[PDB]
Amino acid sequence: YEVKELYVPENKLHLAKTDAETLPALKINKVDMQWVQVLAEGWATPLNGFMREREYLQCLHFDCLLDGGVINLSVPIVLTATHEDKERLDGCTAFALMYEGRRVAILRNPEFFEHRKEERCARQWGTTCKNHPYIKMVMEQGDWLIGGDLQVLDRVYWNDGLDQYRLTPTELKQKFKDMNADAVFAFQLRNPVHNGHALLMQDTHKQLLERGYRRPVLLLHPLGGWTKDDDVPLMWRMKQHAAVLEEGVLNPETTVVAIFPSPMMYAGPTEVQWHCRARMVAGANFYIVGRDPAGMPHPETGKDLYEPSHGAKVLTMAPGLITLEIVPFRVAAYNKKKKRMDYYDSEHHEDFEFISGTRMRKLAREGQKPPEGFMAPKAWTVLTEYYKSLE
């Protein structure tokens, strides 16, 4: 499938920047800007811009875009707006999007429709807790939505020393061709890589070898847009990942590291389909999913928001993901008896230690290194440096 970038072609860029100057403008924040990037680069192919009411309904009710062939798209990609914004811009055939004083895109032939936040949130997240970090933001947004045809002007760069890893779906496909990959397997992550993740990646690599693939390539694809405030920063995670690769826990010769530009929504089984379909767009043939993907603890009752087995189950059954195979895994934990990461077994409960991100910080605070084989020692060292800086 062809990736539909929404960037104005190089030759036509100046003429478009000229037109953008004369139009009215809407100011957008960093998160909207990240959604603009997701759209420009083609991650939400075949959308031509921010969702009109028709696509919005399709993704909310069916988790698929239906016009052009069934293709999975389970999250709204929408632009919000106040009644003030609406009354100002309603009745014009185009306006410019503005971020940090710069006119970043043109939205053409806009349509205004009701946000209906309660329904959107209930269907997207399975809850309307306004203490959910992303939902909190949605609830602070306007009651109107704007759809339309999006024309993105200047290519998006963040100028933070990580732009070299922000490869488009097209750049990623070119990369895999250059490497002579005969199978690409993808691992989405928002956390530091431990050897449970590596176990999933290594076992997927072995499964691909056993099927007859000779040059399977890992796409290690950390998420790089908005995350909740207690998540490990992207720069610190990038450093931690490099340490894992340097230690050879993952092989740097058969691995591609890129940053996935999407905001994190913590919407569990609905979001896992979004993470999946975006890797499909980038040329992934296999997608790894473990326990409780895209999940978080309910804010209040510290219980899992989503049932931990559901992400894999739902993704396994999901339509509009035909060209990519799901590789599901059960929980991996540290096996004390074998002194390595292993798949959890209830018949041997007390063999296993579970170490969460909260447990990791506390361990560091207490001058501890995690057990041998839980994490590459060098990568742990990077983590201890992150925890120390939190002071």
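Residue numbers here begin at 1 and follow the sequence given.
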item: Average Cα temperature factor in the PDB entry - higher stretch of 350 to 358, 331 to 339; value: 350 to 358
item: 23 to 31 versus 42 to 50 - which carries the larger mean C-alpha B factor in the record; value: 23 to 31
item: Candidate residues 203, 87, 171, 307, the one whose C-alpha B factor the record puts highest; value: 87
item: Residue with highest C-alpha B-factor in the PDB entry, from 302, 319, 269, 283; value: 302
item: Entry-reported Cα temperature factor of residue 382, expressed as the chain third it lands in; value: lowest
item: Among modelled residues of the same chain, the CA temperature factor third for residue 119; value: middle
item: CA B-factor placement of residue 211, once the chain's modelled residues are sorted into thirds; value: middle
item: Third of the chain, ranked by Cα B-factor, where residue 297 sits; value: highest
item: Assigned third (lowest, middle, highest) for the C-alpha B factor of residue 36; value: lowest
